[PDB]
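Okay, here's what each chain looks like letter by letter:
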Amino acid sequence: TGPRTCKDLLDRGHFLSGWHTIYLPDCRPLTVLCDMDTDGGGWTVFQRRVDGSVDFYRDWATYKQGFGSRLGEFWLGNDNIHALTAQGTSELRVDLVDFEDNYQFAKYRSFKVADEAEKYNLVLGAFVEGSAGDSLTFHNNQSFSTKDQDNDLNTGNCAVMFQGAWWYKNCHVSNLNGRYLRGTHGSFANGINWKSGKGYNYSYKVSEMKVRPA
Amino acid sequence: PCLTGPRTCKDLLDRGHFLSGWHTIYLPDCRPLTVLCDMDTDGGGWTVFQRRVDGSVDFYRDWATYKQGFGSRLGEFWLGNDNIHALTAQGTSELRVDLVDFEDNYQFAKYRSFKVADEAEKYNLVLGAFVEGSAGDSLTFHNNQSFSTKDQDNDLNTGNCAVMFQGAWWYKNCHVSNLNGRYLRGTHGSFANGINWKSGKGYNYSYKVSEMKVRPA
Amino acid sequence: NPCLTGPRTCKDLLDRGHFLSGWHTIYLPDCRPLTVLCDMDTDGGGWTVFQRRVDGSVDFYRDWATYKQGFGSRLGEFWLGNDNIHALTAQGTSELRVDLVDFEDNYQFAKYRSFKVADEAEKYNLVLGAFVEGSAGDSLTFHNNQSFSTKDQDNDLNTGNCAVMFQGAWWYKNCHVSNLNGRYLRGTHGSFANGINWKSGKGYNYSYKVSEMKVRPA
Ligand SMILES: *[C@@H]1O[C@H](CO)[C@@H](O[C@@H]2O[C@H](CO)[C@@H](O)[C@H](O)[C@H]2NC(C)=O)[C@H](O)[C@H]1NC(C)=O
Ligand SMILES: [Ca+2]
Ligand SMILES: [Ca+2]
Ligand SMILES: [Ca+2]
């Protein structure tokens, strides 16, 4: 009866990026950011970093419900991301911009996060292409971890050691919910980092993670 | 008070609206108003009525313009004295003032209650106790004062405070805060005509960000 | 219901008590809903904004199909789309205001008494009324009665391609004195006339920080 994705909104003539209401599988309305420009348009954005205004070093409950601002930076929420990716096949695009306004990206053929009981386990399909290189396949089939809920494969606490929240193993090659450290940083791997892109010592200006039906 | 829809940004937060942004609320029996909800700061659930962030909007405005509200949802605004009255008539809304300097240091001030009276009574400020805040208390001084704009001098100065300090506020013998002042960008030689909070950065420092917001105490 | 009870312009919305600038739904003449940016704050308010530059986040060097449907973001920069702009201006008389801000915080503007863009078959031909006033000076009258041109569809009066030479999309002639869909070059630039330029304002080597083009029924 109503649009189920950003792709449906684009097909109905909504050509400007912006926040729109879609209807989840259980018919629950959810207001989401549609990217109607990048790579054909019709992407639903679930993470956005742009200026460091929002604290991403948050706990399990906050990541679960979503946080931030429609005017800037946000994480849409693990329950919503699960609901968006649970049924069907959604492709993942990651877009990264450095402080000299160079763009890189990574695209994966499928992406989903499982539900809370499986700790928002990441299920990721094949790397398809991207100038940022592949720094997410390494995290496939890992639980999500936050500072207060360590589900990683390190004897210590990765979320604390890298000041983020992610599908940490031992520990990471990407850390996009890390600190907004602004370009090159001496501190090791605690910024908005993508190892195969700018490496463990460069924190991007912009990060966006988004999905679209395959 | 509306039983059929959300009455405040706090109700919206309690119903699972977790992102900050512009939402519709229902004022006391029963007018809809679209407001900016801050769902992050200090528990979330604040309704924002004033916002300065980049100097794009002129705040040196007249009585009619302050009455109806002005600026933009995309940046800087004043929600409007009639809306602010309607929002705080009653009945124990707390006030939080958030200030950010040009080196990205955050300060704030919180008050236990806040309301502005109606246009008759000149949007008189009724302010409760200072509770806490790193910015210090630079608003208690303005308690029980009429609002003044350049074309409507209701202050206790022989001259016109709004003109002398290039703003609009609950001016008395003029002021110790001036958050609707000029966007002067950090330290300024001109006296007390910027976005100033005396007990915070003083009469010669204009903040980068200012937000005034309310929440049921 | 919605079409007939609903606002047709930003001016209607202002008349109904919406005093903050922001994105609202209006209903076009053919009853199609369109979400537009209303400016309620500048010069009496009630303006429908159809172009906005503010930070360089959106690429404006785009093709004919993209300009036709509109592009960018409600959070920042956009072009509303040539079909929408035609639909907004087709019936009656809309005045045009152009607002420009430089990197030193100087505000300039230009106002024109009418502004209309024809439909796709007429290549979104500009029909512009008299210059009324403005501190930016008049750098649009020169473009009157020109087709719109994009890099892949040259309809200008130059032997070459103005949209490519000037890295934009506009009602180019041979070629321009304004280029507000040009590159976001940030203040002074050595490259010639390929920025967000208004000749009579800051000239052919200065790209403004902010650009807004907007219309209101007059
Ligand atoms: C718009 O421009 C067209 C050219 O594109 C003008 O058409 C010419 O008008 C003159 C007299 O004004 C005629 O003698 C020519 O034969 C016309 N040329 C063509 C190709 O049709 C047109 O009149 C201009 N319109 C306005 C309103 O100034
Ligand atoms: Ca561990
Ligand atoms: Ca006086
Ligand atoms: Ca040509």
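Residues numbered from 1 in each chain as written, not as in the entry; some residues may be left out. Chains lettered and ligands numbered in written order. Heavy atoms only, no water.

Draft legend 1. Layout of the overall build of chain B. Within chain B, the secondary structure is distributed over four helices and 15 strands. Against the compact-globule benchmark of 17 Å for 217 residues, chain B has a radius of gyration of 16 Å, which places it among compact chains. Principal-axis analysis of the C-alpha atoms places the extent of chain B at approximately 50 × 40 × 30 Å. Per-residue burial for chain B yields a buried fraction of 59% across its 217 residues. Considering only contacts within chain B whose residues lie at least 6 apart along the sequence, 51% involve residues at least 24 apart. Summed over all atoms, the accessible surface of chain B reaches about 8,400 Å², with 49% contributed by carbon and sulfur. Computed over 23 positive and 25 negative side-chain charges, the inter-centroid distance for chain B is 1 Å. (Helix = DSSP H or I, 4+ residues; strand = E, 2+ residues; numbered from the N terminus. Rg over C-alpha atoms; globule rule 2.2 N^0.38 Å. Buried < 20%, exposed > 50% of the residue type's maximum accessible area, 1.4 Å probe, protein only. Contact = heavy atoms within 4.5 Å. Areas by Shrake-Rupley, 256 points an atom, 1.4 Å probe, with all protein chains shown as cover. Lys, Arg positive; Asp, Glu negative; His and termini not counted. Charge placed at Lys NZ, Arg CZ, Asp CG, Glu CD.)

Draft legend 2. Just the coordination of the calcium ion (ligand 3), in detail. Residues and elements named next belong to chain B. Coordination of the calcium ion (ligand 3) by the protein is provided by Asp153 (OD), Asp153 (OD), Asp155 (OD), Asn157 (O) and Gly159 (O), with metal-donor distances spanning 2.3 to 2.4 Å. In terms of primary sequence, the donors binding the calcium ion (ligand 3) are separated according to D-x1-D-x1-N-x1-G. By relative accessible area, which is 34% here, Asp153 ends up partly exposed. On the accessibility criterion, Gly159 (16% relative accessible area) is buried. (Donors = N, O, S within 2.8 Å, 3.2 Å for Na, K, Ca; no water.)

Draft legend 3. Focus on the coordination of the calcium ion (ligand 2). Residue and element names in this part refer to chain A. Taken together, the protein ligands of the calcium ion (ligand 2) are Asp150 (OD), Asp150 (OD), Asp152 (OD), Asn154 (O) and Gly156 (O), with distances of 2.3 to 2.4 Å. Of note, the donors binding the calcium ion (ligand 2) are all from one chain and are spaced D-x1-D-x1-N-x1-G. By relative accessible area, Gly156 is classed as partly exposed at 25%.

Draft legend 4. Local environment of the layout of surface pockets. In this structure, the second largest pocket occupies an estimated 850 Å³ of space. Lining the second largest pocket are 25 residues, and of these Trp19 of chain A, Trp22 of chain B together with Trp23, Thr35 and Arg74 of chain C sit closest to its centre. Listing elements by their share of the lining of the second largest pocket, those giving two or more residues are β1 (18–23) of chain A, β1 (21–26) of chain B together with β1 (22–27) of chain C. Looking at the lining of the second largest pocket residue by residue, the classes come out as eight nonpolar, 13 polar and four charged. (1 Å grid on protein atoms, 1.4 Å probe; cavity = no way out; pocket = protein on both sides within 12 Å on 5 of 7 lines; lining within 4 Å. Points joined across faces, edges and corners; volume = space filled by probe spheres on them. Nonpolar A, V, L, I, M, F, W, Y, C, P; charged D, E, K, R; others polar.)

Draft legend 5. Spatial organisation of the UniProt feature "binding site: Ca(2+)" in chain C. Residue and element names in this part refer to chain C. Annotation from UniProt places "binding site: Ca(2+)" at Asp154, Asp156, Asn158 and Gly160. Tracing the backbone shows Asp156 in the loop between β10 (131–133) and α5 (162–165). Among the residues examined, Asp156 registers a relative accessible area of 9% and is labelled buried. Residues within four places of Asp156 in sequence aside, it is in contact with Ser149, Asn161, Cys162, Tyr172 and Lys173. Filtering out sequence-adjacent residues up to four positions away, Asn158 remains in contact with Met165, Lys173, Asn174 and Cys175. (UniProt positions renumbered as here; feature names shortened; annotations may be inferred.)

Draft legend 6. Highlighting the domain arrangement of chain C. Residues and elements named next belong to chain C. Per the domain assignment, the segments of chain C are domain 1 (1–136 + 210–218) and domain 2 (137–209). Placing a centre on the C-alpha atoms of domain 1 and another on those of domain 2 gives a separation of 19 Å. At the interface, 40 residues of domain 1 touch 40 residues of domain 2. Here domain 1 meets domain 2 over a buried area of about 3,200 Å², counting both sides, of which 59% is carbon and sulfur. The largest share of the area that domain 1 buries against domain 2 comes from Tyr61, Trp64 and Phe103, three residues that together contribute 23% of it. Linking domain 1 to domain 2 there are one salt bridge. Applying the counting rule to domain 1 against domain 2 returns 27 residue pairs in polar contact. Looking at the side of domain 1 that touches domain 2, the elements with two or more residues in it are β3 (47–53), α3 (64–69), β6 (94–101), β7 (107–112), β8 (115–117), β9 (126–128) and β15 (210–217). Of the residues contributing to the side of domain 1 that touches domain 2, the split by class is 24 nonpolar, eight polar and eight charged. (Domains from an automatic or database assignment. Buried area = accessible area lost by both parts, 1.4 Å probe. Salt bridge = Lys/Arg side-chain N within 4 Å of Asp/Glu carboxyl O. Polar contact = N/O pair within 3.5 Å; in protein donor to acceptor, adjacent residues only side chain to side chain.)

Draft legend 7. Up close: the interface of chain B and chain A. Counting residues at the interface gives 10 residues for chain B and 13 residues for chain A. Across the chain B to chain A interface the summed buried area is about 920 Å²; carbon plus sulfur atoms make up 54%. The largest share of the area that chain B buries against chain A comes from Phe18, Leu19 and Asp40 of chain B, three residues that together contribute 58% of it. Where chain B touches chain A, the interface holds one salt bridge. Between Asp40 of chain B and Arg58 of chain A there is a salt bridge; the shortest N-O distance is 3.4 Å. Here chain B and chain A share five residue pairs in polar contact between them. Ranked by residue count, the leading element in the side of chain B that touches chain A is β1 of chain B, at three residues.

Draft legend 8. Region of interest: the state of the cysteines. Tallying each qualifying case throughout the model produces seven disulfides over all chains. Here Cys3 of chain C is linked by a disulfide to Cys31 of chain C, with a sulfur-sulfur distance of 2.1 Å. Its S-S torsion of about -80 degrees marks the bond between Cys3 of chain C and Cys31 of chain C as left-handed, since a negative value means left-handed. Taken together, the residues span a long stretch of sequence, with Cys3 of chain C in helix α1 (residues 2–5) and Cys31 of chain C in the loop between β1 and β2 (33–39) at a distance of 28 residues. Owing to a relative accessible area of 35%, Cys31 of chain C belongs among the partly exposed residues under this scheme. What pairs with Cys10 of chain C in a disulfide is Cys38 of chain C, and their sulfur atoms sit 2.1 Å apart. Taking the sign of the torsion about the S-S bond as the criterion, the disulfide between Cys10 of chain C and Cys38 of chain C, at about -75 degrees, is left-handed. Placement of the pair is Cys10 of chain C in helix α2 (residues 10–15) and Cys38 of chain C in strand β2, with a sequence separation of 28 residues. There is no split in this pair, since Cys10 of chain C and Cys38 of chain C are both buried. If you count the bonded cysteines of chain C from the N-terminus, they pair up as 1-3, 2-4, 5-6. Here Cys2 of chain B is not disulfide-linked; the sulfur of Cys30 of chain B is the nearest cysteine sulfur, at 3.0 Å. (Disulfide = S-S within 2.5 Å.)

Draft legend 9. Structural detail: the pairing of β15 of chain C. Residues and elements named next belong to chain C. Judged by how many residues are buried, β15 sits mostly within the fold: seven of eight residues are covered. Bridging between β3 and β15 involves five bridges; their strand directions are antiparallel. Opposite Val49, over in β15, you have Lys214 as the bridge partner. Where β6 and β15 come together, eight bridges link them in antiparallel fashion. Paired with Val98 across the bridge in β15 is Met213. (Pairing = 2+ DSSP bridges.)

Draft legend 10. Geometry of the UniProt feature "binding site: a carbohydrate" in chain B. In the UniProt entry, the feature "binding site: a carbohydrate" is given for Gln145 and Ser146 of chain B. In this fold, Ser146 of chain B is placed in the loop between β10 (130–132) and α4 (161–164).

Draft legend 11. The arrangement of the domain arrangement of chain B in detail. Residue and element names in this part refer to chain B. When the domains of chain B are assigned, the result is domain 1 (1–135 + 209–217) and domain 2 (136–208). Here the C-alpha centroids of domain 1 and domain 2 sit 19 Å apart. Counting from both sides, the interface comprises 41 residues of domain 1 and, opposite them, 40 residues of domain 2. Summing both partners gives a buried area of about 3,200 Å² for domain 1 against domain 2, and 59% of it is carried by carbon and sulfur. If you look at where domain 1 meets domain 2, you find two salt bridges. Among the ionic pairs, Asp104 bridges to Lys208, the shortest N-O distance being 2.4 Å. The interface formed by domain 1 and domain 2 includes 27 residue pairs in polar contact. Mapped onto the side of domain 1 that touches domain 2, the elements with two or more residues apiece are β3 (46–52), α2 (63–68), β6 (93–100), β7 (106–111), β8 (114–116), β9 (125–127) and β15 (209–216). In terms of residue class, the side of domain 1 that touches domain 2 is made up of 24 nonpolar, eight polar and nine charged.

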